[PDB]
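Please read the structure below before turning to the comments.
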There are 2 protein chains.
Amino acid sequence: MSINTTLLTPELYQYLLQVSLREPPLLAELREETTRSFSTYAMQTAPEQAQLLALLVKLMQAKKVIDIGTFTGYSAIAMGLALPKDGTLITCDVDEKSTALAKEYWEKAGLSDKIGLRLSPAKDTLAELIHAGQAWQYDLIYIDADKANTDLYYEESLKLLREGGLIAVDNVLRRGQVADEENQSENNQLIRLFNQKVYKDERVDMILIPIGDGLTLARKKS
Amino acid sequence: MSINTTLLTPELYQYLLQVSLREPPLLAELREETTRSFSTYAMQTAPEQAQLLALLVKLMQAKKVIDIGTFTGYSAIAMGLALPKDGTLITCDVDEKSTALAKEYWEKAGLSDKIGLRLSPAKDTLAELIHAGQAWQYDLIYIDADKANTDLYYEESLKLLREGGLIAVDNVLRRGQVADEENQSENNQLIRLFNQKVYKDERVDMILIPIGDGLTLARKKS
Ligand SMILES: Nc1ncnc2c1ncn2[C@@H]1O[C@H](CSCC[C@H](N)C(=O)O)[C@@H](O)[C@H]1O
Ligand SMILES: Nc1ncnc2c1ncn2[C@@H]1O[C@H](CSCC[C@H](N)C(=O)O)[C@@H](O)[C@H]1O
Ligand code: NI
Ligand code: NI
């Protein structure tokens, strides 16, 4: 047999949200506003995927988190709220307009002391962190920015992760396009190439969760 | 918007397995044999769901695991292989025929020292564990036996879990039947009632993963 997983219909999907999604009112408000104010609202993290991220922070008791791709800060705040008392999260983006709203909401959430915005190319922020002796220091890294650079960000995130640290990568399924070998758009070929790379990568243990637009988890092995 | 998750088609599902499923040959062999020898083969844990369980053992560095519902021992071995050097897993079932094959395979896997079979009603094994001072001692409990007793097993698993411990429950989606409020079969109403109970339970943080027949994760809060 196989299929061996119960596939989601719109019916089943809605039921799942009804018995699982516990969105904090502040985050709910944050995406109502993101929808209202940003034409790019759709690149926002799925409430259910973010909730899984929050659960991972708690399970690992992650004290050092990186959030690559702030936008209006949904995932940054989702994980921020799950941080233990002494935990910190730095969030990366290059867009001032969206991050300004992010700051606003994570202040309103009481996370100004835990979350710090690094406004500049993530490529640069990651290289500074390494070239400043932070390799092996991070527990959890969430990669959700420009897709062209996911391999770079992944490679850098490995260096920065402690032993047993976790990489989470969003949008690995590309709304299904990734299964169409003939789609052939630049970004689609990059993600197809990337998914095979991670699947073969013996530096990690991994899994691909069909939540949000697909969430790959890669644990850095001993 | 919403749907907010990329739903799995058979096409996408197959692609997902191709870029994520890393089944150990021994486990592959175990389910070929289970299919061949057991008319009840279908209640076996999905390779991809088991793989997620293995990843959770590693992330938590779980040293004490319970496996409720051995069958031919797929999940017991999947998690067993991920156990740290000093980790142990006890597996529960009442069926001698299937557990005998389980023993055989987890010996062949080199896990005879880590896995211990408790052959008797899980209800009894769990009560012994508690009535013998093991409350708060376990890291991860996987509930996958008789569905009529999932609430009982859940309730007992909370007592046995350490702070920050994890309950994993399989078959919460019931191949979709659970979304049909008018299905009404005894077991379907029990799981619908259970899913709402967990969703409302403030003793845990939870998430429902659409992998296998649905996997609910509930972390015991501080
Ligand atoms: N070179 C770069 N460095 C940092 N951020 C970048 C970048 N290129 C694009 N981005 C940002 O990556 C973001 C993609 S979407 C962000 C999603 C976010 N996790 C959420 O919860 O909503 C955009 O905000 C975009 O501005
Ligand atoms: N009261 C009970 N106590 C313990 N096990 C029980 C039980 N009632 C049913 N079971 C067992 O629960 C199992 C259900 S299926 C087991 C799935 C297993 N996790 C795997 O990886 O394949 C059956 O083997 C059945 O024998
Ligand atoms: Ni995204
Ligand atoms: Ni099952």
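Just remember, in the structure tokens the first chain shown is A, the second B, etc., residues are 1-based per chain, and ligands are 1-based in the order shown.
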| field | Cut-off 7 Å, only C-alpha atoms and all ligand atoms, neighbours of ligand 3 as a PyMOL selection string | value | chain A and resi 43-45+144+170-171
| request: Write as number ranges by chain the residues around ligand 2, taking 10 Å as the cut-off and counting only C-alpha atoms and all ligand atoms. | output: B: 30-31, 34, 40-47, 49-50, 67-79, 91-99, 102, 118-126, 142-149, 153, 170
| query | Which residues come within 9 Å of residue A:81, counting only C-alpha atoms, excluding same-chain residues fewer than 6 positions away, as a list in words? | reply | residues 54, 109, 110 and 111 of chain A
Could you pull out the strand (DSSP E or B) residues of stretch 48-192 of chain B from DSSP and send them as a PDB file with C-alpha atoms, in the first residue's frame?
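Final output, saved to selection38.pdb:
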ATOM      1  CA  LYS B  64      12.649   7.422  28.532  1.00  0.00           C
ATOM      2  CA  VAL B  65      10.023   6.550  25.928  1.00  0.00           C
ATOM      3  CA  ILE B  66       6.776   4.598  26.001  1.00  0.00           C
ATOM      4  CA  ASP B  67       5.339   2.939  22.907  1.00  0.00           C
ATOM      5  CA  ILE B  68       1.659   2.069  23.352  1.00  0.00           C
ATOM      6  CA  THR B  88      15.234   3.150  26.956  1.00  0.00           C
ATOM      7  CA  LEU B  89      11.842   2.410  25.426  1.00  0.00           C
ATOM      8  CA  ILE B  90       9.116   0.151  26.759  1.00  0.00           C
ATOM      9  CA  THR B  91       6.517  -1.062  24.282  1.00  0.00           C
ATOM     10  CA  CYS B  92       3.014  -2.236  25.144  1.00  0.00           C
ATOM     11  CA  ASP B  93       0.728  -4.768  23.503  1.00  0.00           C
ATOM     12  CA  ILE B 115      13.632  -1.948  24.214  1.00  0.00           C
ATOM     13  CA  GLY B 116      11.546  -3.912  26.701  1.00  0.00           C
ATOM     14  CA  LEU B 117       8.207  -5.533  25.905  1.00  0.00           C
ATOM     15  CA  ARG B 118       5.398  -5.178  28.431  1.00  0.00           C
ATOM     16  CA  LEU B 119       2.884  -7.819  27.357  1.00  0.00           C
ATOM     17  CA  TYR B 138       8.957   9.963  30.897  1.00  0.00           C
ATOM     18  CA  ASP B 139       9.977  12.212  28.006  1.00  0.00           C
ATOM     19  CA  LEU B 140       7.888  10.925  25.114  1.00  0.00           C
ATOM     20  CA  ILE B 141       4.790   8.744  24.914  1.00  0.00           C
ATOM     21  CA  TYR B 142       3.361   7.438  21.619  1.00  0.00           C
ATOM     22  CA  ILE B 143      -0.269   6.332  21.834  1.00  0.00           C
ATOM     23  CA  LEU B 161       5.316  12.782  31.537  1.00  0.00           C
ATOM     24  CA  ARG B 162       7.983  15.097  32.876  1.00  0.00           C
ATOM     25  CA  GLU B 163       7.465  18.832  32.593  1.00  0.00           C
ATOM     26  CA  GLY B 164       7.903  19.544  28.888  1.00  0.00           C
ATOM     27  CA  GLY B 165       7.289  15.896  28.036  1.00  0.00           C
ATOM     28  CA  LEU B 166       5.533  14.980  24.797  1.00  0.00           C
ATOM     29  CA  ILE B 167       2.438  12.947  23.922  1.00  0.00           C
ATOM     30  CA  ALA B 168       2.089  11.770  20.323  1.00  0.00           C
ATOM     31  CA  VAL B 169      -1.300  10.407  19.236  1.00  0.00           C
ATOM     32  CA  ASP B 170      -1.874   8.629  15.922  1.00  0.00           C
TER      33      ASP B 170
END
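Those residues that approach residue B:11 to within 12 Å, counting only C-alpha atoms, are residues 2, 3, 7, 173, 176, 177, 178, 179, 180 and 181 of chain A; 17 and 18 of chain B; same-chain residues fewer than 6 positions away are not listed.
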| query | With only C-alpha atoms as the atoms that count, which of A:48, A:23, A:104, A:33 lies nearest to chain B? | reply | A:48
| helix (DSSP H, G or I) call set, DSSP backbone run, chain B, as a PyMOL selection string | chain B and resi 10-18+25-37+41-43+47-60+74-80+96-108+122-130+147-160+174-179+186-200
| request: Would you list the contacts of residue A:151 as an MDAnalysis selection string, taking every protein, DNA or RNA residue within 7 Å and counting only C-alpha atoms, but skipping same-chain residues closer than 3 positions in sequence? | output: chainID A and resid 154:155 194
